[PDB]
Amino acid sequence: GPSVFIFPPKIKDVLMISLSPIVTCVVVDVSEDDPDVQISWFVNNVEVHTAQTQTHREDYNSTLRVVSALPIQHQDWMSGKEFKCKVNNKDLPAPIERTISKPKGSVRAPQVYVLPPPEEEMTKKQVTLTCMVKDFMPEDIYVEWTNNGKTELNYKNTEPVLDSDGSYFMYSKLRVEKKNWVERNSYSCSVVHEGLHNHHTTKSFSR
Amino acid sequence: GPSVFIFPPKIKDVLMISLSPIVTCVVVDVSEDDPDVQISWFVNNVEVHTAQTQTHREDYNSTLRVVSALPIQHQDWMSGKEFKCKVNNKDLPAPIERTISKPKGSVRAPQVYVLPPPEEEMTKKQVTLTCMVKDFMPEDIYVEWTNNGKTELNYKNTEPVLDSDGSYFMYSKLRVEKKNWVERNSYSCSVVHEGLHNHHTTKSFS
Ligand SMILES: *[C@@H]1O[C@H](CO[C@@H]2O[C@@H](C)[C@@H](O)[C@@H](O)[C@@H]2O)[C@@H](O[C@@H]2O[C@H](CO)[C@@H](O[C@@H]3O[C@H](CO[C@H]4O[C@H](CO)[C@@H](O)[C@H](O)[C@@H]4O[C@@H]4O[C@H](CO)[C@@H](O[C@@H]5O[C@H](CO)[C@H](O)[C@H](O)[C@H]5O)[C@H](O)[C@H]4NC(C)=O)[C@@H](O)[C@H](O[C@H]4O[C@H](CO)[C@@H](O)[C@H](O)[C@@H]4O[C@@H]4O[C@H](CO)[C@@H](O)[C@H](O)[C@H]4NC(C)=O)[C@@H]3O)[C@H](O)[C@H]2NC(C)=O)[C@H](O)[C@H]1NC(C)=O
Ligand SMILES: *[C@@H]1O[C@H](CO[C@@H]2O[C@@H](C)[C@@H](O)[C@@H](O)[C@@H]2O)[C@@H](O[C@@H]2O[C@H](CO)[C@@H](O[C@@H]3O[C@H](CO[C@H]4O[C@H](CO)[C@@H](O)[C@H](O)[C@@H]4O[C@@H]4O[C@H](CO)[C@@H](O[C@@H]5O[C@H](CO)[C@H](O)[C@H](O)[C@H]5O)[C@H](O)[C@H]4NC(C)=O)[C@@H](O)[C@H](O[C@H]4O[C@H](CO)[C@@H](O)[C@H](O)[C@@H]4O[C@@H]4O[C@H](CO)[C@@H](O)[C@H](O)[C@H]4NC(C)=O)[C@@H]3O)[C@H](O)[C@H]2NC(C)=O)[C@H](O)[C@H]1NC(C)=O
């Protein structure tokens with residue numbers, strides 16, 4: 001029969017009041033001969049009727065996939081309410097129910113540092129700027145590099161790693177032209193995390 | 001019936017000639033009522049007879065698990081030969097065969113840099129050293145920090161990340177006593193990868 005997966009909102013979406021967090025319930029292995037799936041949503045066991053649901057074909061193996069997106073209030077996530085999807089179908093011996101909520105635990109703001117290129121790289125045409133983000137809990141975080149406020153082109157993030165004390169760390173690596181680095185630059189690391197004031201902080205090499 | 005999974009050697013083991021790389025074949029859902037499975041191993045379709053096999057109980061669900069560990073020659077893995085386990089038993093309708101080999105692809109040696117602590121930490125008793133390992137392919141790598149050659153305790157590695165040019169990078173973070181680092185400079189980053197000369201390099205602060 002079908003299988004159901006449940007997915008949280010993106011951390012940036014739930015921490016920035018201007019964005020639209022969504023909880024998503026995905027039904028896979030739905031039969032082409034029985035596409036009708038009934039999906040019911042609950043918030044702390046109260047049924048709600050606001051989800052947007054769409055069906056598509058998975059050509060890889062001739063099955064259907066149903067995607068149900070529930071728009072949520074930021075504060076319902078942050079306050080630890082439980083979101084539940086209940087999936088019914090003729091091809092199921094019982095409804096499938098999946099639940100998700102913001103895990104309850106310690107909160108510690110990240111310490112953010114920007115590191116210059118290693119000295120040995122300074123003979124190269126392109127150099128590497130590193131943003132160290134550490135000591136944070138929970139692991140959910142959003143990190144980007146920006147230049148003059150514009151979300152940067154060539155950076156890449158590591159995933160968070162569990163440190164020896166139970167906090168997490170990650171690094172963000174930015175490649176830049178050495179010319180741009182030595183000349184007046186505004187490269188900045190920007191971090192979104194629930195432990196920060198206004199859920200956001202930036203670090204830069206200069207003002 | 002049973003299911004068979006096959007696992008590669010650890011990258012450090014297969015790159016270091018002093019270590020012992022192993023290819024492992026795991027049979028799950030063996031019946032406690034019929035524990036006997038026959039496992040045969042082949043390298044480039046040549047049967048080999050050196051594997052060590054054990055059986056044990058999985059009490060979670062009253063099944064057995066059989067683990068067969070083939071000690072391999074490093075060059076067989078590195079040259080792209082296929083390793084095959086073949087699992088049989090009197091009640092299977094046909095044997096189950098699993099194969100594994102080193103993935104094909106390009107090789108790029110890592111560039112390794114050590115980064116000092118952020119200047120903000122330099123007023124603290126403990127500081128953070130960073131080893132930046134980048135531009136490598138394939139993603140299989142081993143990275144550690146050492147202190148006067150002794151493998152260090154308090155470091156943690158990121159996993160590799162796919163970079164914009166199809167190569168990989170990672171970082172390794174080590175916490176040290178500041179006094180000790182500024183005085184003795186005893187900490188170095190050691191990297192084991194296919195692309196390096198002797199499959200190894202070490203990087204120190206200058
Ligand atoms: C038929 O084919 C399909 C398709 O196959 C795939 O695609 C084709 C083209 C081929 O390439 C093929 O090789 C591929 O496999 C098969 O469908 C797949 O079925 C398997 C199940 O068999 C599914 O596997 C689960 O995947 C989960 C992860 O899914 C995400 O990530 C993968 C990539 O890593 C994506 O492919 C998926 O689409 C998912 O992506 C996420 O989707 C979210 C929802 O949209 C996104 O979030 C939303 O994003 C929007 C913006 O877009 C907004 O931001 C919203 O706010 C937000 O909500 C999200 O961004 C996106 N992420 C990414 C990274 O892209 C796994 O989580 C899951 O693992 C769990 O379950 C396993 C049991 O099945 C178990 O073994 C695991 O241990 C794990 O168990 C859980 O563990 C946690 C703890 O960690 C516990 O809490 C739980 O208790 C426990 N739960 C359970 C249930 O056990 C599965 O591995 C796969 O998702 C699915 N793919 C697709 C595309 O649908 C199908 O099976 C084939 N059928 C047959 C019969 O062969
Ligand atoms: C009865 O219960 C048992 C036990 O259950 C478990 O334990 C209990 C207590 C509960 O906690 C329960 O929740 C647990 O599940 C059940 O047994 C399990 O059965 C499932 C299958 O149903 C097995 O799932 C596969 O797992 C593979 C990964 O296994 C490793 O990682 C897990 C942790 O994630 C470990 O638990 C395992 O033990 C494995 O660990 C590895 O073991 C290696 C061998 O020992 C180690 O390597 C060796 O290490 C030594 C040093 O120690 C040397 O270095 C050697 O050199 C070296 O070789 C290795 O270090 C170690 N790793 C880790 C991290 O520990 C998955 O890979 C596999 O996925 C494939 O197959 C799926 C289909 O089954 C498919 O959907 C997946 O997509 C995936 O498919 C593959 O995809 C790739 C591309 O992505 C393709 O290339 C392949 O073609 C494709 N393959 C296939 C076949 O399609 C499975 O998920 C599970 O391992 C097993 N657990 C154990 C412990 O045995 C049992 O099912 C129950 N029975 C019943 C009837 O209920």
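What counts, and at which threshold
Residues numbered from 1 in each chain as written, not as in the entry; some residues may be left out. Chains lettered and ligands numbered in written order. Heavy atoms only, no water. Residues with missing side-chain atoms left out of burial classes, pairs and counts. Domains from an automatic or database assignment. Contact = heavy atoms within 4.5 Å. Buried area = accessible area lost by both parts, 1.4 Å probe. Salt bridge = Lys/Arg side-chain N within 4 Å of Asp/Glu carboxyl O. Polar contact = N/O pair within 3.5 Å; in protein donor to acceptor, adjacent residues only side chain to side chain. Helix = DSSP H or I, 4+ residues; strand = E, 2+ residues; numbered from the N terminus. Nonpolar A, V, L, I, M, F, W, Y, C, P; charged D, E, K, R; others polar. Pairing = 2+ DSSP bridges. Axes fitted to C-alpha atoms, helices over the stretch in contact; angles between N-to-C directions. Near = heavy atom within 4 Å. Areas by Shrake-Rupley, 256 points an atom, 1.4 Å probe, with all protein chains shown as cover. Buried < 20%, exposed > 50% of the residue type's maximum accessible area, 1.4 Å probe, protein only. Disulfide = S-S within 2.5 Å.

- Header annotation of the entry names X-ray crystallography as the structure determination method and lists the resolution as 1.55 Å.

- If you check the PDB entry, chain B appears there as Ig gamma-2A chain C region, A allele from Mus musculus.

- Labelled according to the PDB entry, chain A appears under the name Ig gamma-2A chain C region, A allele, originating from Mus musculus.

**So, the domain arrangement of chain B**
Residues and elements named next belong to chain B.
Logical step 1: Assigned domains of chain B: these are domain 1 (2-101) and domain 2 (102-206).
Logical step 2: For domain 1 versus domain 2, the distance between C-alpha centres works out to 33 Å.
Logical step 3: Listed per partner, the contact involves 7 residues of domain 1 and 12 residues of domain 2.
Logical step 4: Counting the surface lost from both domain 1 and domain 2, the interface buries some 860 Å², and carbon and sulfur atoms represent 71% of this.
Logical step 5: The interface formed by domain 1 and domain 2 contains 0 salt bridges.
Logical step 6: Taken together, the connections running from domain 1 to domain 2 amount to 1 residue pair in polar contact.
Logical step 7: Only α1 (11-15) and α2 (74-78) provide two or more residues apiece to the side of domain 1 that touches domain 2.
Logical step 8: Looking at the side of domain 1 that touches domain 2 element by element, the count peaks at 3 residues for α1.
Logical step 9: When its residues are assigned to classes, the side of domain 1 that touches domain 2 shows 5 nonpolar, 1 polar and 1 charged.

**Brief notes about the sheet that holds strand β4 (residues 46-48) of chain B**
Residue and element names in this part refer to chain B.
Logical step 1: The antiparallel open sheet is built from 4 strands, whose spatial order is β4-β3-β7-β8. Two strands in the sheet have a free side with no partner beyond their single neighbour: β4 and β8 (96-100). Pairwise comparison of adjacent strand axes, ignoring direction, gives a mean angle of 30° for this sheet.
Logical step 2: As defined by bridge partners, strand β3 (residues 38-43) adjoins β4 across 3 bridges and the pair is classed as antiparallel. Bridging from a neighbouring strand, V43 pairs with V46 of β4.

**What to know about the site of ligand 1**
All names here are of chain A.
Logical step 1: Taken together, 15 residues lie near ligand 1, and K10, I22, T24, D29 and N61 sit nearest.
Logical step 2: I22 has a polar backbone atom sitting 2.9 Å from an oxygen atom of ligand 1.
Logical step 3: Here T24 contributes a side-chain N or O atom positioned 2.8 Å from an oxygen atom of ligand 1.
Logical step 4: Contact with the protein chains covers 34% of the free accessible surface of ligand 1, which is 1800 Å².
Logical step 5: At the level of secondary structure, the elements contributing two or more residues to the shell around ligand 1 comprise β1 (3-7) and β2 (22-30).
Logical step 6: The leading source of residues in the shell around ligand 1 is β2, at 5 residues.
Logical step 7: When the residues that make up the shell around ligand 1 are grouped by side-chain class, the tally is 8 nonpolar, 2 polar and 5 charged.

**Overview of the domain arrangement of chain A**
Residue and element names in this part refer to chain A.
Logical step 1: Taken domain by domain, chain A consists of domain 1 (2-101) and domain 2 (102-207).
Logical step 2: Computed from C-alpha atoms alone, the centre-to-centre distance between domain 1 and domain 2 is 33 Å.
Logical step 3: With 7 residues of domain 1 in contact, the opposing surface of domain 2 contributes 12 residues.
Logical step 4: Buried area between domain 1 and domain 2, summed over both chains or domains, comes out near 900 Å², and the portion from carbon and sulfur atoms is 69%.
Logical step 5: Of all residues in domain 1, the largest losses of buried area upon contact with domain 2 belong to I11, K12 and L15, amounting jointly to 54% of the total for that side.
Logical step 6: Where domain 1 packs against domain 2, one counts 0 salt bridges.
Logical step 7: On the surface where domain 1 and domain 2 come into contact, there are 1 residue pair in polar contact.
Logical step 8: The set of elements that each furnish at least two residues to the side of domain 1 that touches domain 2 consists of α1 (11-15) and α2 (74-78).

**A look at unusual backbone geometry**
Logical step 1: In the segment running from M137(A) into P138(A), the intervening peptide bond is cis, with an omega of -10°.
Logical step 2: Assignment of secondary structure puts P138(A) in the loop between β10 (126-136) and β11 (142-147).
Logical step 3: Despite not being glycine, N45(A) has its phi angle at roughly 65°, a positive value.
Logical step 4: For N45(A), a relative accessible area of 56% translates into the label exposed.
Logical step 5: In this structure, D135(B) takes a positive phi of about 70° despite not being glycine.
Logical step 6: By the element assignment, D135(B) lies in strand β10 (residues 126-136).
Logical step 7: Residue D135(B) is classed as buried on the basis of its relative accessible area, which comes to 13%.

**Regarding the environment of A94(B)**
Logical step 1: With respect to the helices and strands, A94(B) occurs in the loop between β7 (83-88) and β8.
Logical step 2: Residue classification places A94(B) among the partly exposed residues on the basis of a relative accessible area of 42%.

**A word on the state of the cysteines**
Residues and elements named next belong to chain A.
Logical step 1: Tallied over the full model, the rule gives 4 disulfides over all chains.
Logical step 2: Residue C25 pairs covalently with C85 via a disulfide, S to S 2.1 Å. One disulfide, between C25 and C85, carries an S-S torsion of 70° and so falls in the right-handed class. Placement of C25 in strand β2 and of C85 in strand β7 (residues 83-88) is noted, with a sequence separation of 60 residues between them.

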